[PDB]
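Participant: To start, I am sharing the structure in question, which I have written as structure tokens.
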Amino acid sequence: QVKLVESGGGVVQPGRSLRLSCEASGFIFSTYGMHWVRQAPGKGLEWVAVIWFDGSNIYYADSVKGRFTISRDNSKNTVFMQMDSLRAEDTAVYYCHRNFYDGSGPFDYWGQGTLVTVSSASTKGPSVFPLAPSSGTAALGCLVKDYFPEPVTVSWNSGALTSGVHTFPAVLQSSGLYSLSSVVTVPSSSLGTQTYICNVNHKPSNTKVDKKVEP
Amino acid sequence: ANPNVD
Amino acid sequence: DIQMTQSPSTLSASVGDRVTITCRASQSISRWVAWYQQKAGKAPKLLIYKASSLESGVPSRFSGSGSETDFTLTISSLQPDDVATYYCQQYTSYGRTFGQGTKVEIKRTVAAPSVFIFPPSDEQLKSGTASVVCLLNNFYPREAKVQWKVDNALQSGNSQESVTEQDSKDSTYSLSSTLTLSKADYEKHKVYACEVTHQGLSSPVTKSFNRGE
């Protein structure tokens with residue numbers, strides 16, 4: 001089917017440059033256009049740029065005019081956005097987006113977004129610690145501590161365990177590094193038979209940790 | 001008329 | 001370009017209530033308005049297009065109306081799964097502009113939290129730091145107080161909280177409070193306890209453990 005995959009996010013120093021790409025699958029970019037839409041943390045959606053399938057009809061929002069450059073690969077089904085002179089206000093999740101309307105109905109698709117962090121800090125992979133179930137139902141979890149920048153994705157048993165999972169929003173510590181915990185409630189009947197592993201992914205630092213949680 | 005419609 | 005003005009900014013209502021959200025365009029957009037729903041941590045989803053038509057899969061309780069400059073999104077029967085932020089959008093031309101968004105919260109009955117305490121892991125103690133986590137699970141309303149006691153000494157400046165968004169089915173919250181100390185300062189005291197007060201609890205519930213048992 002249709003999928004849009006953004007890549008290129010991570011930390012970038014203020015005043016420096018960063019290149020985003022969006023790979024489009026399940027359709028040919030031979031009609032209509034492609035959009036970039038960004039969302040600052042806790043803020044609203046903001047359309048940023050558009051490009052047509054043939055490179056024409058390029059428009060930018062006033063907030064990024066003269067700094068962002070949208071373009072498409074003439075050889076592949078991929079669109080790019082070069083982002084120069086980045087400032088703190090540019091920190092946002094950046095979504096690749098495609099929308100049009102036919103007699104068949106609406107065609108509206110979004111990537112999962114990539115987080116650009118405009119910061120003077122360095123990238124740091126996290127450490128993963130188990131929240132062991134101790135002395136009805138029992139709760140266990142994983143503490144993902146001291147990482148920068150966001151985000152960190154956490155799953156349990158490679159996504160086979162979802163019910164009762166609470167992965168809390170990250171918290172900015174005194175050190176300036178992020179930390180979060182993901183917890184899950186299970187019946188204490190299963191602590192002796194079922195294995196519980198949290199899968200932690202920090203893409204900006206190429207960190208993939210599988211941590212088994214034991215009583 | 002609309003560039004996103006038909 | 002065309003400016004979109006959305007209201008209200010935030011609203012809370014009960015299950016089954018009618019929710020009304022309005023958008024204004026700075027100039028005529030005919031009926032080229034769409035309404036998007038975005039839930040916590042996920043990408044936006046198209047709900048309404050051409051002011052009034054529903055995207056595939058959208059429940060019938062979502063409706064839209066309006067033309068030219070004034071448009072309205074209506075949820076005829078607010079459900080816990082509708083807790084999200086909603087955005088209007090015009091698509092008259094090649095670009096887009098969104099409204100500021102309306103966060104929709106839901107009201108429900110009081111639910112007391114289940115409190116769990118987690119001692120610091122031994123691998124973190126080998127790393128040189130110590131974190132004590134206290135978990136408040138599936139409660140309403142959001143307002144709660146978590147007090148950290150170390151040998152019955154109240155703490156301040158060394159704990160941080162995080163709260164999930166309302167659950168998509170029962171609309172409760174869950175909260176985590178993390179007491180972060182140095183390994184040297186942790187191996188000092190004996191008893192670590194988190195005291196929790198909440199409207200659903202008759203008296204403050206305390207979860208405690210002794211260091212190294």
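Simple scheme: letters A, B, ... for chains in structure tokens order, numbers from 1 for residues in each chain, numbers from 1 for ligands in the order shown.
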Write out as a list in words every residue belonging to chain B that has an atom at most 9 Å from any atom of chain C, counting only C-alpha atoms.
Facilitator: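 In the required form, that comes to residues 2, 3 and 4 of chain B.
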Participant: Produce a file of the selected residues containing N, CA, C and O atoms, as a JSON list (two decimals), in the first residue's frame.
Facilitator:
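Wrote it out as out-v3.json, contents follow:
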```
[["chain", "number", "residue", "atom", "x", "y", "z"],
["B", 2, "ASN", "N", -9.69, 23.52, -8.48],
["B", 2, "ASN", "CA", -8.80, 23.28, -7.36],
["B", 2, "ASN", "C", -7.67, 22.35, -7.79],
["B", 2, "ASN", "O", -7.93, 21.30, -8.39],
["B", 3, "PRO", "N", -6.41, 22.68, -7.49],
["B", 3, "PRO", "CA", -5.30, 21.83, -7.94],
["B", 3, "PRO", "C", -5.20, 20.50, -7.20],
["B", 3, "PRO", "O", -4.49, 19.61, -7.67],
["B", 4, "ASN", "N", -5.89, 20.35, -6.07],
["B", 4, "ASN", "CA", -5.87, 19.11, -5.31],
["B", 4, "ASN", "C", -7.09, 18.24, -5.58],
["B", 4, "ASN", "O", -7.24, 17.20, -4.93]]
```
Participant: For chain A against chain C, which residues fall within 6 Å using only C-alpha atoms, given as a list in words?
Facilitator: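 Listed by rising number, the hits are residues 44, 47, 50, 112, 131 and 168 of chain A.
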Participant: Neighbouring residues of residue 208 of chain A were defined as those with any atom within 12 Å, considering only C-alpha atoms; residues of the same chain fewer than 2 positions away were excluded. Please report them as a PyMOL selection string.
Facilitator: chain A and resi 125-128+144+152-155+158+198-206+210-211
Participant: Take the residues from that selection and put them in a file with C-alpha atoms, as a compact mmCIF listing (two decimals), in the first residue's frame.
Facilitator:
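Dumped to result_33.txt:
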```
# COMPACT_ATOMS: atom_id res chain seq x y z
CA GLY A 125 22.69 6.89 23.96
CA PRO A 126 20.59 5.79 26.93
CA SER A 127 21.09 3.21 29.66
CA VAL A 128 18.28 0.70 30.22
CA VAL A 144 15.55 4.42 30.00
CA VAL A 152 13.10 6.76 22.41
CA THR A 153 10.70 4.01 21.34
CA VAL A 154 9.92 1.18 23.76
CA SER A 155 8.09 -2.08 23.06
CA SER A 158 9.02 -7.34 20.43
CA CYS A 198 11.60 -4.37 26.95
CA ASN A 199 12.97 -3.33 23.55
CA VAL A 200 14.52 0.15 23.61
CA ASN A 201 15.46 1.99 20.42
CA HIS A 202 17.27 5.35 20.34
CA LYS A 203 17.72 6.04 16.64
CA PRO A 204 19.87 9.23 16.97
CA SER A 205 22.61 7.19 18.71
CA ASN A 206 22.10 3.78 17.02
CA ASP A 210 16.82 -5.69 24.91
CA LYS A 211 16.55 -5.87 28.71
```
Participant: Near residue 2 of chain A, counting only C-alpha atoms, which residues have an atom at most 9 Å away, once you skip same-chain residues fewer than 2 positions from it, shown as number ranges by chain?
Facilitator: A: 4, 24-27, 109
Participant: Need the shell around residue 39 of chain A: protein/DNA/RNA residues with any atom at most 7 Å away, counting only C-alpha atoms. Skip same-chain ones fewer than 6 positions apart. Format as number ranges by chain?
Facilitator: A: 45-46, 92-94
Participant: Let me see the file: selected residues, C-alpha atoms, as a PDB file, in the first residue's frame.
Facilitator:
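Final output, part-v2.pdb:
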```
ATOM      1  CA  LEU A  45       0.546  21.529  12.977  1.00  0.00           C
ATOM      2  CA  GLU A  46       2.230  23.990  10.602  1.00  0.00           C
ATOM      3  CA  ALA A  92       9.770  20.014  15.652  1.00  0.00           C
ATOM      4  CA  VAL A  93       8.557  16.686  14.359  1.00  0.00           C
ATOM      5  CA  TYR A  94       8.619  16.937  10.561  1.00  0.00           C
TER       6      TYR A  94
END
```
Participant: Nearest to chain B: which of A:99, A:85, A:63, A:181 is it, counting only C-alpha atoms?
Facilitator: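 Going through A:99, A:85, A:63, A:181 one by one, the smallest distance to chain B is for A:99.
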Participant: Find the residues in chain A near chain B: any atom within 6 Å counts, using only C-alpha atoms. Write them as a PyMOL selection string.
Facilitator: chain A and resi 100-102
Participant: Using only N, CA and C atoms, please write the residues we just selected to a file, as a PDB file, in the first residue's frame.
Facilitator:
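again_6.pdb written:
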```
ATOM      1  N   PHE A 100      -4.773  14.540  -1.817  1.00  0.00           N
ATOM      2  CA  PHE A 100      -5.521  14.993  -2.985  1.00  0.00           C
ATOM      3  C   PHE A 100      -6.868  14.288  -2.982  1.00  0.00           C
ATOM      4  N   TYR A 101      -7.727  14.691  -3.915  1.00  0.00           N
ATOM      5  CA  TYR A 101      -9.097  14.198  -3.951  1.00  0.00           C
ATOM      6  C   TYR A 101      -9.508  13.884  -5.381  1.00  0.00           C
ATOM      7  N   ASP A 102     -10.045  12.683  -5.577  1.00  0.00           N
ATOM      8  CA  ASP A 102     -10.547  12.193  -6.853  1.00  0.00           C
ATOM      9  C   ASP A 102     -12.029  11.860  -6.718  1.00  0.00           C
TER      10      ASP A 102
END
```
Participant: Could you pull out all residues of segment 5-183 of chain A with a DSSP call of strand (DSSP E) and give them as a tab-separated table (two decimals) with N, CA and C atoms, in the first residue's frame?
Facilitator:
```tsv
chain	number	residue	atom	x	y	z
A	5	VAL	N	8.07	7.43	4.50
A	5	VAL	CA	9.09	7.22	5.52
A	5	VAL	C	10.03	8.41	5.50
A	6	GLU	N	10.03	9.19	6.57
A	6	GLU	CA	10.95	10.30	6.72
A	6	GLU	C	12.24	9.84	7.40
A	7	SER	N	13.34	10.49	7.03
A	7	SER	CA	14.62	10.23	7.67
A	7	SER	C	15.46	11.49	7.60
A	10	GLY	N	17.23	14.22	14.14
A	10	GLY	CA	18.26	14.17	15.15
A	10	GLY	C	18.64	15.57	15.60
A	11	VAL	N	19.76	15.65	16.32
A	11	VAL	CA	20.22	16.93	16.83
A	11	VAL	C	20.99	17.67	15.74
A	12	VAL	N	20.85	19.00	15.74
A	12	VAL	CA	21.58	19.87	14.82
A	12	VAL	C	21.85	21.18	15.54
A	18	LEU	N	20.63	20.81	7.92
A	18	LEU	CA	20.15	19.44	8.06
A	18	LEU	C	19.30	19.11	6.84
A	19	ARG	N	19.44	17.89	6.34
A	19	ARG	CA	18.73	17.44	5.15
A	19	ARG	C	17.74	16.34	5.53
A	20	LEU	N	16.47	16.57	5.24
A	20	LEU	CA	15.44	15.57	5.43
A	20	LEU	C	15.10	14.92	4.10
A	21	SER	N	14.72	13.65	4.17
A	21	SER	CA	14.23	12.93	3.01
A	21	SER	C	12.94	12.22	3.38
A	22	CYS	N	12.11	11.99	2.37
A	22	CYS	CA	10.87	11.23	2.52
A	22	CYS	C	10.80	10.23	1.37
A	23	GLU	N	10.89	8.95	1.70
A	23	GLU	CA	10.75	7.89	0.70
A	23	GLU	C	9.28	7.51	0.57
A	24	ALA	N	8.77	7.55	-0.66
A	24	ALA	CA	7.37	7.25	-0.94
A	24	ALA	C	7.27	5.87	-1.57
A	25	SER	N	6.37	5.04	-1.03
A	25	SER	CA	6.14	3.69	-1.52
A	25	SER	C	4.66	3.48	-1.83
A	33	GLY	N	1.04	16.70	-5.60
A	33	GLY	CA	2.24	17.19	-4.95
A	33	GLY	C	2.55	16.45	-3.66
A	34	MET	N	3.62	16.90	-3.01
A	34	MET	CA	4.05	16.38	-1.72
A	34	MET	C	4.29	17.55	-0.78
A	35	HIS	N	3.92	17.37	0.49
A	35	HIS	CA	4.01	18.43	1.48
A	35	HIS	C	4.94	18.02	2.62
A	36	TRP	N	5.55	19.03	3.24
A	36	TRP	CA	6.20	18.90	4.53
A	36	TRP	C	5.38	19.67	5.56
A	37	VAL	N	5.01	19.00	6.65
A	37	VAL	CA	4.26	19.61	7.74
A	37	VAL	C	5.00	19.31	9.03
A	38	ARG	N	5.23	20.34	9.84
A	38	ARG	CA	6.00	20.19	11.07
A	38	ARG	C	5.13	20.52	12.28
A	39	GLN	N	5.56	20.02	13.43
A	39	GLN	CA	4.83	20.20	14.68
A	39	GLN	C	5.83	20.36	15.82
A	45	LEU	N	-0.02	21.84	14.28
A	45	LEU	CA	0.55	21.53	12.98
A	45	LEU	C	0.78	22.81	12.18
A	46	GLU	N	1.89	22.84	11.44
A	46	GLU	CA	2.23	23.99	10.60
A	46	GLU	C	2.72	23.48	9.25
A	47	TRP	N	1.96	23.76	8.20
A	47	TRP	CA	2.43	23.46	6.85
A	47	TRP	C	3.67	24.29	6.54
A	48	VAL	N	4.65	23.67	5.88
A	48	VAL	CA	5.97	24.25	5.69
A	48	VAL	C	6.30	24.44	4.22
A	49	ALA	N	6.03	23.43	3.39
A	49	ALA	CA	6.43	23.50	1.99
A	49	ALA	C	5.64	22.49	1.17
A	50	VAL	N	5.61	22.73	-0.14
A	50	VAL	CA	4.96	21.85	-1.11
A	50	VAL	C	5.81	21.81	-2.37
A	51	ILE	N	5.78	20.67	-3.05
A	51	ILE	CA	6.41	20.51	-4.36
A	51	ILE	C	5.52	19.62	-5.21
A	52	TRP	N	5.39	19.96	-6.49
A	52	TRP	CA	4.60	19.15	-7.40
A	52	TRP	C	5.45	18.00	-7.95
A	59	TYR	N	6.08	26.14	-3.05
A	59	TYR	CA	5.72	27.23	-2.15
A	59	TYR	C	6.22	26.90	-0.75
A	60	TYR	N	6.53	27.95	0.00
A	60	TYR	CA	7.01	27.83	1.37
A	60	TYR	C	6.16	28.68	2.29
A	68	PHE	N	14.66	27.10	3.96
A	68	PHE	CA	14.36	25.73	3.58
A	68	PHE	C	14.31	25.62	2.06
A	69	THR	N	14.76	24.49	1.54
A	69	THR	CA	14.74	24.22	0.10
A	69	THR	C	14.13	22.84	-0.11
A	70	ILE	N	12.95	22.79	-0.73
A	70	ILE	CA	12.28	21.53	-1.02
A	70	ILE	C	12.63	21.12	-2.45
A	71	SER	N	12.84	19.82	-2.65
A	71	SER	CA	13.18	19.29	-3.96
A	71	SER	C	12.82	17.81	-3.99
A	72	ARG	N	12.70	17.29	-5.21
A	72	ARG	CA	12.42	15.88	-5.43
A	72	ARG	C	13.56	15.25	-6.22
A	78	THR	N	11.33	9.94	-4.20
A	78	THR	CA	11.81	10.54	-2.96
A	78	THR	C	11.79	12.06	-3.09
A	79	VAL	N	11.40	12.73	-2.01
A	79	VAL	CA	11.47	14.19	-1.92
A	79	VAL	C	12.39	14.56	-0.77
A	80	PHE	N	13.07	15.70	-0.92
A	80	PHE	CA	14.02	16.20	0.06
A	80	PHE	C	13.58	17.58	0.55
A	81	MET	N	14.08	17.95	1.73
A	81	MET	CA	14.01	19.34	2.18
A	81	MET	C	15.31	19.70	2.89
A	82	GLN	N	16.09	20.58	2.26
A	82	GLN	CA	17.28	21.13	2.88
A	82	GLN	C	16.88	22.25	3.83
A	83	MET	N	17.37	22.19	5.06
A	83	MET	CA	17.02	23.17	6.09
A	83	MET	C	18.31	23.83	6.57
A	92	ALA	N	11.10	20.52	15.94
A	92	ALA	CA	9.77	20.01	15.65
A	92	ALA	C	9.87	18.61	15.07
A	93	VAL	N	8.77	17.88	15.17
A	93	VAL	CA	8.56	16.69	14.36
A	93	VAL	C	8.19	17.14	12.95
A	94	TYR	N	8.87	16.58	11.95
A	94	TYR	CA	8.62	16.94	10.56
A	94	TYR	C	7.93	15.77	9.86
A	95	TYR	N	6.73	16.03	9.34
A	95	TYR	CA	5.92	15.01	8.69
A	95	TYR	C	5.98	15.18	7.18
A	96	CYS	N	6.20	14.07	6.48
A	96	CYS	CA	5.94	14.00	5.05
A	96	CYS	C	4.47	13.70	4.83
A	97	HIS	N	3.86	14.36	3.85
A	97	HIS	CA	2.41	14.35	3.73
A	97	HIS	C	2.00	14.43	2.26
A	98	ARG	N	0.97	13.66	1.91
A	98	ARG	CA	0.41	13.67	0.56
A	98	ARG	C	-1.10	13.67	0.65
A	99	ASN	N	-1.74	14.58	-0.07
A	99	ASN	CA	-3.19	14.74	0.01
A	99	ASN	C	-3.73	15.22	-1.33
A	100	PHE	N	-4.77	14.54	-1.82
A	100	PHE	CA	-5.52	14.99	-2.98
A	100	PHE	C	-6.87	14.29	-2.98
A	101	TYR	N	-7.73	14.69	-3.92
A	101	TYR	CA	-9.10	14.20	-3.95
A	101	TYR	C	-9.51	13.88	-5.38
A	102	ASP	N	-10.04	12.68	-5.58
A	102	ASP	CA	-10.55	12.19	-6.85
A	102	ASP	C	-12.03	11.86	-6.72
A	105	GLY	N	-12.47	9.21	-4.09
A	105	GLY	CA	-12.46	9.58	-2.70
A	105	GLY	C	-11.17	10.27	-2.31
A	106	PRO	N	-10.96	10.49	-1.02
A	106	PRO	CA	-9.75	11.18	-0.58
A	106	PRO	C	-8.54	10.27	-0.55
A	107	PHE	N	-7.39	10.86	-0.86
A	107	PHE	CA	-6.09	10.22	-0.76
A	107	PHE	C	-5.28	11.07	0.22
A	108	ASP	N	-5.18	10.62	1.46
A	108	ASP	CA	-4.53	11.40	2.51
A	108	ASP	C	-3.62	10.49	3.31
A	109	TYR	N	-2.32	10.79	3.31
A	109	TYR	CA	-1.35	9.92	3.97
A	109	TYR	C	-0.30	10.76	4.69
A	110	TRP	N	0.20	10.22	5.79
A	110	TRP	CA	1.20	10.88	6.62
A	110	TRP	C	2.28	9.88	6.99
A	114	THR	N	9.73	12.71	11.68
A	114	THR	CA	11.10	12.65	12.19
A	114	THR	C	11.36	13.89	13.03
A	115	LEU	N	12.00	13.70	14.18
A	115	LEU	CA	12.18	14.78	15.14
A	115	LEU	C	13.51	15.47	14.91
A	116	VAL	N	13.45	16.75	14.54
A	116	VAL	CA	14.63	17.60	14.42
A	116	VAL	C	14.77	18.39	15.72
A	117	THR	N	15.91	18.26	16.38
A	117	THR	CA	16.20	18.97	17.62
A	117	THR	C	17.32	19.96	17.37
A	118	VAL	N	17.00	21.25	17.38
A	118	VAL	CA	17.99	22.31	17.19
A	118	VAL	C	18.56	22.62	18.57
A	127	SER	N	20.90	4.43	28.89
A	127	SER	CA	21.09	3.21	29.66
A	127	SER	C	19.73	2.67	30.07
A	128	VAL	N	19.56	1.36	29.98
A	128	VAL	CA	18.28	0.70	30.22
A	128	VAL	C	18.39	-0.13	31.49
A	129	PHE	N	17.53	0.17	32.47
A	129	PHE	CA	17.52	-0.51	33.74
A	129	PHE	C	16.16	-1.15	33.99
A	130	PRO	N	16.12	-2.34	34.59
A	130	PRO	CA	14.83	-3.00	34.82
A	130	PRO	C	14.14	-2.49	36.07
A	131	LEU	N	12.82	-2.34	35.97
A	131	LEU	CA	11.96	-2.08	37.12
A	131	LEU	C	11.37	-3.43	37.52
A	137	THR	N	-2.45	-8.46	40.85
A	137	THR	CA	-1.67	-8.15	39.67
A	137	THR	C	-0.33	-7.53	40.07
A	138	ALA	N	0.65	-7.66	39.18
A	138	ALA	CA	1.99	-7.15	39.40
A	138	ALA	C	2.36	-6.18	38.29
A	139	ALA	N	3.24	-5.24	38.62
A	139	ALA	CA	3.73	-4.25	37.67
A	139	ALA	C	5.24	-4.37	37.55
A	140	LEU	N	5.74	-4.28	36.32
A	140	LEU	CA	7.17	-4.25	36.04
A	140	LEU	C	7.41	-3.25	34.92
A	141	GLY	N	8.67	-2.93	34.69
A	141	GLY	CA	8.96	-1.95	33.66
A	141	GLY	C	10.44	-1.82	33.38
A	142	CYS	N	10.77	-0.77	32.62
A	142	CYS	CA	12.13	-0.45	32.23
A	142	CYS	C	12.37	1.04	32.37
A	143	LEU	N	13.52	1.41	32.93
A	143	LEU	CA	13.92	2.80	33.05
A	143	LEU	C	14.98	3.10	31.99
A	144	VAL	N	14.66	4.02	31.09
A	144	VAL	CA	15.55	4.42	30.00
A	144	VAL	C	16.08	5.80	30.35
A	145	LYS	N	17.33	5.87	30.81
A	145	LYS	CA	17.86	7.05	31.48
A	145	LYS	C	19.00	7.68	30.71
A	146	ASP	N	19.05	9.02	30.74
A	146	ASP	CA	20.21	9.82	30.34
A	146	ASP	C	20.51	9.67	28.85
A	147	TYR	N	19.58	10.18	28.04
A	147	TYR	CA	19.76	10.19	26.60
A	147	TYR	C	19.39	11.55	26.03
A	153	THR	N	11.85	4.89	21.49
A	153	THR	CA	10.70	4.01	21.34
A	153	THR	C	10.92	2.75	22.17
A	154	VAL	N	9.87	2.34	22.88
A	154	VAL	CA	9.92	1.18	23.76
A	154	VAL	C	8.77	0.25	23.39
A	155	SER	N	9.09	-1.04	23.22
A	155	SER	CA	8.09	-2.08	23.06
A	155	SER	C	8.41	-3.22	24.01
A	156	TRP	N	7.43	-4.10	24.22
A	156	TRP	CA	7.56	-5.22	25.15
A	156	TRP	C	7.38	-6.53	24.40
A	165	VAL	N	0.24	-1.67	28.89
A	165	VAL	CA	1.52	-1.00	28.75
A	165	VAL	C	1.31	0.50	28.86
A	166	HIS	N	2.13	1.16	29.67
A	166	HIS	CA	2.15	2.62	29.78
A	166	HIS	C	3.59	3.07	29.58
A	167	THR	N	3.88	3.69	28.44
A	167	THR	CA	5.18	4.29	28.19
A	167	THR	C	5.04	5.80	28.39
A	171	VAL	N	11.12	12.96	30.27
A	171	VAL	CA	11.29	14.04	31.23
A	171	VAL	C	12.70	14.59	31.08
A	172	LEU	N	12.82	15.91	31.01
A	172	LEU	CA	14.12	16.57	30.91
A	172	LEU	C	14.72	16.72	32.31
A	178	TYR	N	17.42	13.51	28.69
A	178	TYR	CA	16.07	12.98	28.86
A	178	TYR	C	16.11	11.62	29.54
A	179	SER	N	14.97	11.27	30.14
A	179	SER	CA	14.79	9.96	30.76
A	179	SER	C	13.30	9.65	30.77
A	180	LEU	N	12.97	8.38	30.57
A	180	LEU	CA	11.58	7.94	30.64
A	180	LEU	C	11.53	6.52	31.17
A	181	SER	N	10.34	6.12	31.59
A	181	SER	CA	10.08	4.76	32.03
A	181	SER	C	8.85	4.23	31.31
A	182	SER	N	8.90	2.95	30.96
A	182	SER	CA	7.76	2.24	30.39
A	182	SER	C	7.41	1.11	31.35
A	183	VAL	N	6.16	1.07	31.80
A	183	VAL	CA	5.71	0.06	32.75
A	183	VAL	C	4.60	-0.77	32.10
```
Participant: How far is it from atom CA of residue 183 of chain C to atom CA of residue 173 of chain A, in Å with one decimal?
Facilitator: 16.8 Å
